[PDB]
Amino acid sequence: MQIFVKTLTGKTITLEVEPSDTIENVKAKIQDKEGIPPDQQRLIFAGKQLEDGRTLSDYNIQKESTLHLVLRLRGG
Amino acid sequence: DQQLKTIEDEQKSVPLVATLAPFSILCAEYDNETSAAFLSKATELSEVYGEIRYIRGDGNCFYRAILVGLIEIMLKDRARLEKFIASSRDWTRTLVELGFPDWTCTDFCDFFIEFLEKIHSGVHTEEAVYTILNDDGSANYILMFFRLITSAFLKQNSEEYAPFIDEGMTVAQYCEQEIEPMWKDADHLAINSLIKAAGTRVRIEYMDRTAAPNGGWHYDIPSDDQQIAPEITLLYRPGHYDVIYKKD
Amino acid sequence: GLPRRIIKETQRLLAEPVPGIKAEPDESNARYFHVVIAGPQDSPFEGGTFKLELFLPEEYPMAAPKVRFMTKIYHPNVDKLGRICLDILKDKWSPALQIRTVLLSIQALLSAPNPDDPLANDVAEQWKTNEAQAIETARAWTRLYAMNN
């Protein structure tokens, strides 16, 4: 199924995924397009941070759902 | 417990805004025996960057880094400073209209404007500016203006940025809890807002321990089709920002 | 010599009438304030007056004011030493906030004592399990401790 990933940078991308996919696999698919590595990525869906151990089905993410991508840039 | 007295005292053994230092000072924090991965990244970065300006790690480092960068452009560019002095007045009116508390948010603006005007008229020298950015009372008052426009930019554009906030928070809750208070680390969303709100252009050199694209991880904010050079460059190390400068 | 923030806030605190809240600078120390908040109508605290003390620490407004109840009060947000559990006094403090905000929020706290969760400690737990009876104790303590001279 297709899903979307919207970025703060102004871009939206599309990914081919399965509901079985772990959030790790999703980040890797983002990496294949962007270069951004998984450990630099935070994904958000419906105001909830998506956890690496879990699947898309765990969050009931559907065909043509949009995920939101932020980078890990927290600094003091 | 005088424990947070010693914690916020480790922070205060460094200046808010250090003087320039050769970039090799950053390399010397590391070595091949105990920190080989950082040493590599720093040594690589030192082919492009000649200097570093250390910012105190107190929760405000990102805001303080951007602020220092901007003030530096404006000491060297009379026109840009005129533009920034005016467009800050546009922020005052924006703040009070987006329902920020009136006299308090106004007083931060007024203090910041007067500071810029005093640069413009030449009352404040370069030396006097760095002294002001190193005096806690004044420096933090100045920094608040930047926290305020970051928050305002998000509130102005709330439906657009709402989905990038986690923990079930609304934009207003996020601003109230993570952007408006002092001592709160900046994250991507806040960083994106300040840079756009301030109308600046930033490269972040993302220095971590991982194998990286040739040249090292970096992020340009904004990133657009245009190829304008960044006017401020930051060094990000895990949890901390400093200011860096291309050679010569 | 005080910073501009405390000079301006002092002037506002003296000029602004706020129903049920009176606030005065200590005659000796300009960062020290004496505050009296009336028990609001339709709360167990009705009829009482509550003395509070407020201090603006050296870094104010970058750090929160320090506020404590002097008047003993039975409330889920106030302990035996009169220390106050309130979000805008610690983590949700911002320098855009002011003394007025804190005082108004303490006033509203007296009117809506039940904050969904037990901030502290045995008192809060008593408040959710048996409101009617917590409300009664609060009424009694108001008579015992908040009834002036």
# chains A, B, ... in the order shown; residues from 1 in each chain; ligands from 1

call {"tool": "residues_around", "arguments": {"residues": "stretch 62-74 of chain C", "least_positions_apart": "6", "cutoff": "7 Å", "atoms": "only C-alpha atoms", "output": "mmCIF file with C-alpha atoms, in the first residue's frame"}}
result
data_model
loop_
_atom_site.group_PDB
_atom_site.id
_atom_site.type_symbol
_atom_site.label_atom_id
_atom_site.label_comp_id
_atom_site.auth_asym_id
_atom_site.auth_seq_id
_atom_site.Cartn_x
_atom_site.Cartn_y
_atom_site.Cartn_z
ATOM 1 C CA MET B 182 13.541 29.713 29.455
ATOM 2 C CA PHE C 50 -5.409 34.007 53.140
ATOM 3 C CA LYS C 51 -2.005 35.627 53.539
ATOM 4 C CA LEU C 52 0.610 34.733 50.916
ATOM 5 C CA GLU C 53 4.253 35.760 50.549
ATOM 6 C CA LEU C 54 5.974 36.314 47.249
ATOM 7 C CA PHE C 55 9.653 36.796 46.440
ATOM 8 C CA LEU C 56 11.191 37.751 43.089
ATOM 9 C CA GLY C 82 2.191 26.320 52.847
ATOM 10 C CA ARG C 83 4.196 25.307 49.785
ATOM 11 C CA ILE C 84 2.144 25.455 46.585
ATOM 12 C CA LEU C 89 5.384 28.180 39.479
ATOM 13 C CA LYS C 90 7.802 25.552 38.183
ATOM 14 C CA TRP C 93 6.518 29.415 34.159
ATOM 15 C CA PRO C 95 8.968 35.203 31.476
ATOM 16 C CA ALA C 138 -11.847 22.849 54.420
ATOM 17 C CA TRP C 141 -10.058 24.965 58.809
ATOM 18 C CA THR C 142 -11.266 28.209 57.238
ATOM 19 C CA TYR C 145 -7.241 29.496 60.737
ATOM 20 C CA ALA C 146 -8.376 32.043 58.140
#

call {"tool": "select_by_dssp", "arguments": {"residues": "stretch 30-138 of chain C", "states": "alpha helix (DSSP H)", "output": "list in words"}}
result
residues 99, 100, 101, 102, 103, 104, 105, 106, 107, 108, 109, 110, 111, 122, 123, 124, 125, 126, 127, 128, 129, 131, 132, 133, 134, 135, 136, 137 and 138 of chain C

call {"tool": "write_last_selection", "arguments": {"atoms": "C-alpha atoms", "output": "compact mmCIF listing (two decimals), in the first residue's frame"}}
result
# COMPACT_ATOMS: atom_id res chain seq x y z
CA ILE C 99 2.90 38.10 39.34
CA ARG C 100 -0.74 38.85 38.45
CA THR C 101 -0.94 35.57 36.50
CA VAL C 102 0.27 33.54 39.44
CA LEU C 103 -2.04 35.25 41.90
CA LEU C 104 -5.05 34.84 39.65
CA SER C 105 -4.20 31.22 39.10
CA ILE C 106 -3.90 30.62 42.89
CA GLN C 107 -7.28 32.28 43.34
CA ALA C 108 -8.84 29.95 40.65
CA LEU C 109 -7.18 27.00 42.39
CA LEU C 110 -9.17 27.80 45.55
CA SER C 111 -12.35 27.74 43.47
CA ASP C 122 -3.27 12.56 51.72
CA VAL C 123 -5.33 15.75 51.26
CA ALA C 124 -5.82 15.29 47.51
CA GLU C 125 -6.83 11.63 47.93
CA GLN C 126 -9.40 12.71 50.52
CA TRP C 127 -10.72 15.21 48.00
CA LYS C 128 -11.54 12.79 45.19
CA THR C 129 -12.87 9.89 47.34
CA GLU C 131 -15.51 15.60 48.29
CA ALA C 132 -18.45 16.45 50.58
CA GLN C 133 -16.32 15.64 53.63
CA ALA C 134 -13.07 17.20 52.33
CA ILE C 135 -15.16 20.31 51.57
CA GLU C 136 -16.38 20.20 55.20
CA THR C 137 -12.91 19.94 56.67
CA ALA C 138 -11.85 22.85 54.42

call {"tool": "closest_atom_pairs", "arguments": {"of": "chain C", "to": "chain B", "cutoff": "6 Å", "atoms": "only C-alpha atoms", "output": "CSV"}}
result
residue,atom,partner,partner_atom,distance
C:92,CA,B:177,CA,5.5
C:94,CA,B:181,CA,4.1
C:96,CA,B:104,CA,5.5

call {"tool": "residues_around", "arguments": {"residues": "stretch 43-56 of chain A", "least_positions_apart": "6", "cutoff": "12 Å", "atoms": "only C-alpha atoms", "output": "PyMOL selection string"}}
result
(chain A and resi 1+3-8+17-28+30+62-63+65-72) or (chain B and resi 161-171+174)

call {"tool": "closest_atom_pairs", "arguments": {"of": "chain B", "to": "chain A", "cutoff": "10 Å", "atoms": "only C-alpha atoms", "output": "Markdown table"}}
result
| residue | atom | partner | partner_atom | distance |
| --- | --- | --- | --- | --- |
| B:55 | CA | A:76 | CA | 9.3 |
| B:56 | CA | A:76 | CA | 8.4 |
| B:57 | CA | A:76 | CA | 5.4 |
| B:58 | CA | A:76 | CA | 5.8 |
| B:59 | CA | A:76 | CA | 3.8 |
| B:60 | CA | A:76 | CA | 5.4 |
| B:61 | CA | A:76 | CA | 4.8 |
| B:62 | CA | A:76 | CA | 6.2 |
| B:63 | CA | A:76 | CA | 8.7 |
| B:64 | CA | A:76 | CA | 9.5 |
| B:160 | CA | A:8 | CA | 9.6 |
| B:161 | CA | A:8 | CA | 8.2 |
| B:162 | CA | A:47 | CA | 8.1 |
| B:163 | CA | A:47 | CA | 6.0 |
| B:164 | CA | A:68 | CA | 5.8 |
| B:165 | CA | A:47 | CA | 5.8 |
| B:166 | CA | A:47 | CA | 4.4 |
| B:167 | CA | A:48 | CA | 5.6 |
| B:168 | CA | A:47 | CA | 4.8 |
| B:169 | CA | A:47 | CA | 7.0 |
| B:170 | CA | A:47 | CA | 8.6 |
| B:183 | CA | A:76 | CA | 7.7 |
| B:184 | CA | A:76 | CA | 7.2 |
| B:185 | CA | A:76 | CA | 4.5 |
| B:186 | CA | A:74 | CA | 5.5 |
| B:187 | CA | A:74 | CA | 4.1 |
| B:188 | CA | A:73 | CA | 5.3 |
| B:189 | CA | A:70 | CA | 7.4 |
| B:190 | CA | A:74 | CA | 9.4 |
| B:191 | CA | A:73 | CA | 8.3 |
| B:192 | CA | A:8 | CA | 7.6 |
| B:193 | CA | A:8 | CA | 9.9 |
| B:204 | CA | A:73 | CA | 9.4 |
| B:206 | CA | A:73 | CA | 8.5 |
| B:210 | CA | A:37 | CA | 9.9 |
| B:212 | CA | A:37 | CA | 9.4 |
| B:213 | CA | A:35 | CA | 8.6 |
| B:217 | CA | A:36 | CA | 8.9 |
| B:218 | CA | A:36 | CA | 9.9 |
| B:219 | CA | A:71 | CA | 9.5 |
| B:220 | CA | A:9 | CA | 9.2 |
| B:221 | CA | A:9 | CA | 7.6 |
| B:222 | CA | A:9 | CA | 6.8 |
| B:223 | CA | A:9 | CA | 6.4 |
| B:224 | CA | A:9 | CA | 8.4 |
| B:236 | CA | A:75 | CA | 7.7 |
| B:237 | CA | A:75 | CA | 8.2 |
| B:238 | CA | A:75 | CA | 7.2 |
| B:239 | CA | A:75 | CA | 4.1 |
| B:240 | CA | A:75 | CA | 4.4 |
| B:241 | CA | A:75 | CA | 6.2 |
| B:242 | CA | A:76 | CA | 9.7 |

call {"tool": "residues_around", "arguments": {"residues": "residue C:36", "least_positions_apart": "2", "cutoff": "8 Å", "atoms": "only C-alpha atoms", "output": "short mmCIF file (atom, residue, chain, number, x, y, z; two decimals) with N, CA and C atoms, in the first residue's frame"}}
result
data_model
loop_
_atom_site.label_atom_id
_atom_site.label_comp_id
_atom_site.auth_asym_id
_atom_site.auth_seq_id
_atom_site.Cartn_x
_atom_site.Cartn_y
_atom_site.Cartn_z
N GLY C 20 -10.68 40.53 45.05
CA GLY C 20 -10.32 39.54 46.04
C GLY C 20 -8.83 39.32 46.20
N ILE C 21 -8.00 40.15 45.57
CA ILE C 21 -6.55 39.99 45.72
C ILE C 21 -5.97 41.34 46.05
N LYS C 22 -5.24 41.41 47.15
CA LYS C 22 -4.51 42.61 47.49
C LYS C 22 -3.02 42.27 47.58
N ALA C 23 -2.18 43.11 46.97
CA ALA C 23 -0.74 42.88 46.94
C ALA C 23 0.09 44.15 47.22
N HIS C 34 3.64 41.15 49.97
CA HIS C 34 2.64 40.58 50.90
C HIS C 34 1.30 40.55 50.23
N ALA C 38 -8.85 36.71 49.23
CA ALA C 38 -10.12 36.38 49.87
C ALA C 38 -10.58 34.98 49.47
N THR C 49 -9.69 35.04 54.89
CA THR C 49 -8.64 35.71 54.14
C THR C 49 -7.32 34.96 54.31
N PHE C 50 -6.60 34.84 53.20
CA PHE C 50 -5.41 34.01 53.14
C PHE C 50 -4.20 34.86 52.80
N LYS C 51 -3.23 34.87 53.72
CA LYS C 51 -2.00 35.63 53.54
C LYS C 51 -1.04 34.77 52.73
N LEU C 52 -0.42 35.38 51.73
CA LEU C 52 0.61 34.73 50.92
C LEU C 52 1.83 35.63 50.84
#

call {"tool": "atom_distance", "arguments": {"atom1": "atom CA of residue B:124", "atom2": "atom CA of residue B:81"}}
result
13.6 Å

call {"tool": "residues_around", "arguments": {"residues": "stretch 83-90 of chain B", "least_positions_apart": "6", "cutoff": "8 Å", "atoms": "only C-alpha atoms", "output": "compact mmCIF listing (two decimals) with N, CA and C atoms, in the first residue's frame"}}
result
# COMPACT_ATOMS: atom_id res chain seq x y z
N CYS B 109 10.24 43.27 23.57
CA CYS B 109 10.42 43.85 22.26
C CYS B 109 11.14 45.18 22.39
N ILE B 113 14.59 46.21 20.56
CA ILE B 113 14.63 47.30 19.59
C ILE B 113 15.68 48.36 19.95
N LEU B 116 19.15 47.13 19.24
CA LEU B 116 19.47 47.24 17.82
C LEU B 116 19.67 48.67 17.36
N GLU B 117 18.82 49.59 17.83
CA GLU B 117 18.93 50.99 17.43
C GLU B 117 20.27 51.55 17.89

call {"tool": "atom_distance", "arguments": {"atom1": "atom CA of residue B:139", "atom2": "atom CA of residue C:59"}}
result
11.6 Å

call {"tool": "residues_around", "arguments": {"residues": "residue C:12", "least_positions_apart": "3", "cutoff": "12 Å", "atoms": "only C-alpha atoms", "output": "PyMOL selection string"}}
result
(chain B and resi 103-104) or (chain C and resi 5-9+15-18+23-25+98-100)

call {"tool": "select_by_dssp", "arguments": {"residues": "stretch 125-244 of chain B", "states": "strand (DSSP E)", "output": "ChimeraX atom specification"}}
result
/B:202-206,218-221,232-237,240-244

call {"tool": "atom_distance", "arguments": {"atom1": "atom CA of residue B:28", "atom2": "atom CA of residue B:71"}}
result
28.3 Å

call {"tool": "closest_residue", "arguments": {"among": "B:228, B:25, B:152, B:129", "to": "residue B:53", "atoms": "only C-alpha atoms"}}
result
B:25
